[PDB]
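**Q**
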Amino acid sequence: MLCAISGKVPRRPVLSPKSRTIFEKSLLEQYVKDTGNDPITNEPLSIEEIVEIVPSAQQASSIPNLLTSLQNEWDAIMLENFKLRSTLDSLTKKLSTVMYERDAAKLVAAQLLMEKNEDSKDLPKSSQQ
Amino acid sequence: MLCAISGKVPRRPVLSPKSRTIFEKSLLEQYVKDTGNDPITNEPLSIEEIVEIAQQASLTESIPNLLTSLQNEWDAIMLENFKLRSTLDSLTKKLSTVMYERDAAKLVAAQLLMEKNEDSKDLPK
Amino acid sequence: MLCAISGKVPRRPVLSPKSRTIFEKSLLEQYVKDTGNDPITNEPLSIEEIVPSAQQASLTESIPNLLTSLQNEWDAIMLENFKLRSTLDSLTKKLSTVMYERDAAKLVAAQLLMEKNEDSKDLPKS
Amino acid sequence: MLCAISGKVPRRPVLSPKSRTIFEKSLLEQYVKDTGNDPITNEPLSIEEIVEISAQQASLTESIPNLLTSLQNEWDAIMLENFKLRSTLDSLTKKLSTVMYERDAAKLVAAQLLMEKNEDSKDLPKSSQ
Amino acid sequence: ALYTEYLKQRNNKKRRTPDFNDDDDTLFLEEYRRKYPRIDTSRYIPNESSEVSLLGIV
Numbered sequence: 001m002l003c004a005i006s007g008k009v010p011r012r013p014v015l016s017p018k019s020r021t022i023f024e025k026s027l028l029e030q031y032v033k034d035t036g037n038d039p040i041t042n043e044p045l046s047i048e049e050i051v052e053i054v055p056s057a058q059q060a061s076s077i078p079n080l081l082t083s084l085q086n087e088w089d090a091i092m093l094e095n096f097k098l099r100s101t102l103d104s105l106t107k108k109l110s111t112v113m114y115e116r117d118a119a120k121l122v123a124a125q126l127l128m129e130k131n132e133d134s135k136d137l138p139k140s141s142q143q
Numbered sequence: 001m002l003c004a005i006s007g008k009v010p011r012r013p014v015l016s017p018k019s020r021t022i023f024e025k026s027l028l029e030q031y032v033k034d035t036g037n038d039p040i041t042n043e044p045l046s047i048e049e050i051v052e053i057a058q059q060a061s062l063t064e065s077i078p079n080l081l082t083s084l085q086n087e088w089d090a091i092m093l094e095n096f097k098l099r100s101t102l103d104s105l106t107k108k109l110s111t112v113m114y115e116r117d118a119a120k121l122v123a124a125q126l127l128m129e130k131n132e133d134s135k136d137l138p139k
Numbered sequence: 001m002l003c004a005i006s007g008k009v010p011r012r013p014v015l016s017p018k019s020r021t022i023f024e025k026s027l028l029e030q031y032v033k034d035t036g037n038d039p040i041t042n043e044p045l046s047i048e049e050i051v055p056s057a058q059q060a061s062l063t064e065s077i078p079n080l081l082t083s084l085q086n087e088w089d090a091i092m093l094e095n096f097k098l099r100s101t102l103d104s105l106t107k108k109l110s111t112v113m114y115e116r117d118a119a120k121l122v123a124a125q126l127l128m129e130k131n132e133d134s135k136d137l138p139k140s
Numbered sequence: 001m002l003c004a005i006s007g008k009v010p011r012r013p014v015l016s017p018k019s020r021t022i023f024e025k026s027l028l029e030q031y032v033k034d035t036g037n038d039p040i041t042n043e044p045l046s047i048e049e050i051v052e053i056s057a058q059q060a061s062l063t064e065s077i078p079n080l081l082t083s084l085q086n087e088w089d090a091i092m093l094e095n096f097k098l099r100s101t102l103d104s105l106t107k108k109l110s111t112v113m114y115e116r117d118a119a120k121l122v123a124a125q126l127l128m129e130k131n132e133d134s135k136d137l138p139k140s141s142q
Numbered sequence: 060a061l062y063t064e065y066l067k068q069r070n071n072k073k074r075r076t077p078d079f080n081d082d083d084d085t086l087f088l089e090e091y092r093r094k095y096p097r098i099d100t101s102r103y104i105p106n107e108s109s110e111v112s113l114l115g116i117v
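Residue numbers (the authors' numbering), protein chains in the order written: chain s, 1 to 61, 76 to 143; chain t, 1 to 53, 57 to 65, 77 to 139; chain q, 1 to 51, 55 to 65, 77 to 140; chain r, 1 to 53, 56 to 65, 77 to 142; chain G, 60 to 117.
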């Protein structure tokens with residue numbers, strides 16, 4: 001809702017058909033009469049090249079934004095599901111590495127206990143005699 | 001503000017150079033793919049001819079209700095499209111009834127001119 | 001599904017990160033070894049430049079695909095309205111000129127019905 | 001062939017040049033605006049840094078249902094999955110605590126048995142004397 | 060709340076049933092059925108035109 005020469009709210013928004021940028025009819029016309037050019041791109045432009053006045057014709061002045083809103087909320091749904099899944103699988107790695115290493119460390123005890131036991135009867139039967 | 005095809009506020013508007021008219025990129029492309037023309041002026045235009053040229060987000064209000083809104087809005091647009099088409103058929107239909115009377119009347123004038131012509135001959139005698 | 005250089009079904013697809021296009025590794029590798037470039041855009045590309056995670060996907064079928083469907087519905091129906099807005103502006107324009115020619119002619123029917131009867135009223139009396 | 005955020009099959013895939021991973025444009029464009037970095041590698045990434053790279059779904063023969082039955086199922090399936098996924102994340106953290114506690118419980122056994130065994134072996138070496 | 064309660068929000072169960080000689084309300088409901096049935100019959104035409112080619116390509 002702004003002209004691209006002065007910066008005012010344009011009451012007659014006309015556009016140049018070389019670089020897409022909505023100017024105001026007064027300012028663009030003064031730029032063309034100064035030098036036949038587009039102010040933004042410095043390309044060739046004339047007064048007849050400009051498309052002036054509002055466009056509403058066979059159109060009539076809701077619905078489409080509801081679908082846009084439905085997209086915007088889904089966009090969050092996906093973003094949330096990602097971060098929830100990352101932590102899901104990243105914790106499963108800790109779970110898996112632990113359970114494996116737990117039962118691995120558990121076998122240390124089974125071995126250790128039977129050797130400790132062997133030391134007892136050995137020494138006991140020796141110290142006896 | 002309004003694309004002159006659908007009636008939406010365009011989210012990627014494009015202007016035709018044969019006729020000064022800002023359309024929406026999606027809708028103008030479909031028309032050109034159907035027939036290489038401009039929808040308003042019927043001038044020979046192509047897709048490369050188009051020059052790609057406010058966004059304010061709708062904050063409905065304070077989700078199960080939004081389901082039924084979208085249902086109602088599609089339900090309404092379906093009838094707002096229907097009502098506008100039966101009116102087109104009946105305005106063309108009532109137009110055709112006028113054309114018959116228009117051409118029927120100008121045949122009835124020919125007989126009335128003969129009765130005037132017959133009268134002008136008798137008056138002179 | 002296809003390789004853009006050969007046109008075959010690539011058995012080892014590797015996507016480049018300068019011109020986004022799925023090339024066959026064995027084909028594109030030779031293209032890079034010839035000259036360090038991407039075949040399509042002719043931008044620089046090396047072999048290391050050529051290349055989901057934990058979220059499981061399902062195939063693209065009839077939420078996002080459903081939302082883009084409803085765009086097609088409305089965007090097509092919007093053009094359906096133009097066919098009836100444009101055709102209405104021709105019928106009403108022909109009706110306006112038709113009713114004007116009817117209104118301009120019926121004044122002349124009213125005068126001839128007066129004049130032909132007045133000529134019969136005049137002549138019969140004499 | 002899929003997107004690396006939502007788990008989609010993208011309609012306009014775009015690849016980032018810092019980490020070779022294909023995302024759907026909307027979802028990667030959202031992440032960069034939220035926090036300007038690559039979601040996977042956590043490396044600096046912008047919207048201009050992205051590089052853009056057809057899919058067919060056969061709309062069912064019985065395609077009313079799109080408004081009523083299909084859309085209903087989509088928001089059911091989104092709702093009951095993430096709720097069930099939140100249930101899965103909660104148990105992984107609880108089962109984490111049972112893993113680490115049982116692990117540390119085993120560490121103490123080993124430490125206790127390491128003092129036990131070698132001293133039992135030492136006593137056999139001393140017995141000879 | 061929907062997932063916890065185990066209840067999906069009800070949609071428009073209206074278009075399917077309706078009734079003849081109704082009122083101004085069913086005049087709308089009737090006119091709804093026509094436009095959607097024409098959209099339906101047009102939506103089945105562009106599917107059958109391609110037919111099985113569009114399916115087997117996917």
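We treat Cβ as the ideally placed atom computed from N, Cα and C, and that holds for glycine.
(1) By DSSP's criteria, residue 15 of chain t is part of a beta bridge. Which residues make up the other side?
(2) List the DSSP bridge partners of residue 37 of chain r.
(3) Quick check: what's the CA-CA separation for residue 89 of chain t versus residue 83 of chain s?
(4) Buried or exposed for residue 26 of chain t, please, with buried defined as at least 16 other CB atoms from any protein chain shown within 10 angstroms of its CB.
(5) Out of q:17, q:59, q:55, q:58, point me to the one whose CA is closest to residue 37 of chain q's CA.
(6) Could you check how far apart the C-beta atoms of residue 59 of chain s and residue 103 of chain q are, in whole angstroms? I think they sit under 8 Å.
(7) Mind pulling the chain t residues with CB within less than 9 Å of residue 95 of chain G?
(8) Assign residue 68 of chain G to one of three DSSP states: helix, strand, or coil.
(9) Against residue 89 of chain t, what residues of chain G qualify as contacts under a CB-to-CB distance less than 7 Å, listed in chain order?
(10) Taking buried to mean at least 16 other C-beta atoms within 10 Å of its own C-beta, is residue 7 of chain q buried or exposed?
(11) Assuming residue 53 of chain r and residue 80 of chain q make a contact with CB atoms under 8 Å, what is their CB distance in whole Å?
(12) Could you tell me which chain q residues have their CB closer than 8 Å to the CB of residue 47 of chain s, listed as they occur along the chain?
(13) Within the 8 Å Cβ cut-off, does residue 6 of chain s reach chain t?
(14) Apply the 10 Å Cβ neighbour rule to residue 21 of chain t and answer buried if 16 or more other Cβ atoms are within range, or exposed otherwise.
(15) Mind checking the stretch 114-132 of chain t against chain q and listing, in chain order, the residues whose C-beta falls within less than 8 Å of any C-beta there?
(16) Using a 10 Å radius around the Cβ and a threshold of 16 neighbouring Cβ atoms, would you call residue 9 of chain q buried or exposed?
(17) Count the C-beta pairs between the stretch 109-118 of chain r and the stretch 96-116 of chain s that are closer than 8 Å, then say yes if the count reaches three, no if not.
(18) Can the beta-carbon of residue 93 of chain t be found less than 8 Å from the beta-carbon of residue 90 of chain G?
(19) Count the other CB atoms within 10 Å of the CB of residue 75 of chain r; is the residue buried (16 or more) or exposed (fewer)?
(20) Run through chain r and tell me which residues come within less than 7 Å of residue 79 of chain s, C-beta to C-beta.
(21) Chain q beta carbons: is any one of them nearer than 8 Å to that of residue 32 of chain t?
(22) Please confirm whether residue 85 of chain r has its beta-carbon closer than 8 Å to some beta-carbon of chain q.
(23) Answer with yes or no whether the minimum CB distance from residue 44 of chain t to chain s is below 8 Å.
(24) With DSSP run on the structure shown, which of helix, strand or coil describes residue 89 of chain t?
(25) Just how far apart, CA to CA, sit residue 130 of chain s and residue 137 of chain r?
(26) Assuming residue 39 of chain r contacts residue 77 of chain r under a Cβ cut-off of 8 Å, what Cβ separation, rounded to an integer in Å, is found between them?
(27) Locate the alpha helix (DSSP H) running through residue 113 of chain G, then write down its first and last residues.
(28) What is the residue span of the alpha helix (DSSP H) that residue 101 of chain G lies within?
(29) Within this structure, are the beta carbons of residue 121 of chain s and residue 126 of chain r separated by less than 8 Å?
(30) Give me the Cβ distance between residue 24 of chain r and residue 13 of chain r, rounded to the nearest whole Å; I'm assuming they're in contact under 8 Å.
(31) Taking only three categories from DSSP, how would you classify residue 1 of chain t?
(32) Am I right that residue 124 of chain t and residue 119 of chain q are in contact with their C-beta atoms under 8 Å? What's the rounded C-beta distance?
(33) For residue 4 of chain t, is the beta carbon positioned less than 7 Å from some heavy atom of the ligand ZN?
(34) Residue 133 of chain r and residue 133 of chain s - do their beta-carbons sit closer together than 8 Å?
(35) Using C-beta distances below 6 Å, list every residue in its chain close to residue 62 of chain r, excluding the 5 sequence neighbours before and after it, in chain order.
**A** Reading it off the structure:
(1) t:22, t:51
(2) As a beta-bridge residue in DSSP terms, residue 37 of chain r pairs with r:44.
(3) 18 Å
(4) Buried, because 16 or more other Cβ atoms sit within 10 Å of the Cβ of residue 26 of chain t.
(5) q:17
(6) Not confirmed; about 11 Å, so no contact.
(7) 92
(8) coil
(9) In chain order: 91.
(10) exposed
(11) Incorrect: roughly 24 Å between the Cβ atoms, too far for contact.
(12) Going along chain q, no residue has its Cβ under 8 Å from residue 47 of chain s, so there is no contact; the nearest lies around 29 Å.
(13) no
(14) buried
(15) 115, 116, 119, 120, 122, 123, 126, 127, 129, 130
(16) Residue 9 of chain q is exposed by the Cβ-count criterion.
(17) yes
(18) yes
(19) Since the numbering of chain r jumps from 65 to 77, residue 75 of chain r cannot be located in this structure.
(20) The premise fails here: residue 79 of chain s is roughly 17 Å from chain r at the closest Cβ pair, so nothing lies under 7 Å.
(21) no
(22) no
(23) no
(24) helix
(25) 12 Å
(26) Contact flag wrong, Cβ pair sits at about 39 Å.
(27) 112-116
(28) Residues 83-102.
(29) no
(30) 6 Å
(31) coil
(32) In fact, because the Cβ distance is near 13 Å, the residues do not count as touching under 8 Å.
(33) Ligands in the displayed structure: none, and consequently the ligand ZN is not present.
(34) yes
(35) none
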